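K.L.:
Pasting in a structure now, in structure tokens, and then I'll have a few things to ask.
Numbering (PDB author numbering), first residue to last: 1 to 149.
Laid out in structure tokens, this is it:
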């Protein structure tokens, strides 16, 4: 099965492996939102919202660049996540009249301005400013995510 399990003996101690030690298994290995639906059905703009909130969550993972102090990498890497998100959002907003949905696109724009600030903070080698703009990107992601509810 596609489950995190081994045919050999399990590792010792509780947790870190699947089990029923607690009410929660605390283990999955991967979390595919729609998995194979993309190859069975076309991608409508409604389900583009599902893809969008996943690619948005990658921007919440940017804190891990600060730890690794990956200054020359983030300037490319964050923009890759941003591009994926941009494409999906561009699709979601097309499912509604352009006027009301403008409100979402203004958040979509504000969010990317805070990405540019984090990219500059990375290039200027400042972890403090990287965390400062990380807080802003997290807020902007959350606000856009509520509009994808």
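Backbone N, C-alpha and C define an ideal beta-carbon position, used for all residues, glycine too.
Which residue marks the beginning of the alpha helix (DSSP H) containing residue 128, and which one marks its end?
P.N.:
Position 128 of the chain shown holds residue 128. Looking at the DSSP string, the run of the alpha helix (DSSP H) that includes residue 128 is 127-146.
K.L.:
Just confirm the distance between the C-beta atoms of residue 52 and residue 31, as a whole number of angstroms; I'd bet it's less than 8 Å.
P.N.:
Locating residue 52 in the chain shown gives position 52, where the first residue counts as 1. Locating residue 31 in the chain shown gives position 31, where the first residue counts as 1. At roughly 16 Å, the Cβ-Cβ gap does not stay under 8 Å, so residue 52 and residue 31 are not in contact.
K.L.:
What's the call for residue 38, buried or exposed, on a 16-neighbour Cβ count within 10 Å?
P.N.:
As a position in the chain shown, residue 38 is number 38, starting the count at 1. Classification of residue 38: exposed, given that the 10 Å Cβ count is below 16.
K.L.:
Could you tell me the distance, in whole angstroms, from the CA atom of residue 132 to the CA atom of residue 124?
P.N.:
Taking the chain shown and counting its residues from 1, one reaches residue 132 at position 132. Taking the chain shown and counting its residues from 1, one reaches residue 124 at position 124. Near 13 Å, if we compare the C-alpha coordinates of residue 124 and residue 132.
K.L.:
Specify the secondary structure class of residue 35 as computed by DSSP and reduced to three states.
P.N.:
Translated into positions along the chain shown, residue 35 becomes position 35. The answer is coil: DSSP assigns residue 35 none of H, G, I, E or B.
K.L.:
At the level of alpha carbons, what is the spacing between residue 16 and residue 5?
P.N.:
As a working note, residue 16 is residue 16 in the chain shown. As a working note, residue 5 is residue 5 in the chain shown. Using only the alpha carbons, I get a separation of about 11 Å.
K.L.:
Can you give the beta carbon distance from residue 119 to residue 78, rounded, assuming they're within the 8 Å contact cut?
P.N.:
As a working mapping, residue 119 is identified with position 119 in the chain shown. As a working mapping, residue 78 is identified with position 78 in the chain shown. Right, the Cβ-Cβ distance comes to about 6 Å (below 8 Å), so this counts as a contact.
K.L.:
Determine contact between the stretch 90-103 and the stretch 134-141, defined as no fewer than three beta-carbon pairs at a distance below 8 Å.
P.N.:
Because the criterion of three Cβ pairs below 8 Å is not met, the stretch 90-103 and the stretch 134-141 do not touch.
K.L.:
In the DSSP assignment, find the unbroken alpha helix (DSSP H) run with residue 79 in it and report its ends.
P.N.:
Here residue 79 refers to the residue found at position 79 when the chain shown is read from its first residue. Where residue 79 is concerned, the enclosing alpha helix (DSSP H) stretches over 71-92.
K.L.:
Have a look at 90, 74, 130 and 10 and flag the residue whose alpha-carbon is nearest the alpha-carbon of residue 45.
P.N.:
By one-based count along the chain shown, residue 45 stands at place 45. Measuring from the Cα of residue 45, the nearest candidate turns out to be 90.
K.L.:
Taking C-alpha atoms, which residue in 117, 58 and 54 lies nearest to residue 149?
P.N.:
Residue 149 sits at position 149 when you count from the first residue of the chain shown. It is 54.
K.L.:
Roughly how many whole angstroms lie between the Cα atoms of residue 21 and residue 14?
P.N.:
Within the chain shown, numbered from 1, the residue matching residue 21 stands at position 21. Within the chain shown, numbered from 1, the residue matching residue 14 stands at position 14. If you take the alpha carbons of residue 21 and residue 14, they lie about 7 Å apart.
K.L.:
Should residue 48 be labelled buried (16 or more other beta-carbon atoms within 10 Å of its own) or exposed?
P.N.:
The residue given as residue 48 occupies position 48 in the chain shown. Looking at its Cβ environment, which holds 16 or more other Cβ atoms inside 10 Å, residue 48 is buried.
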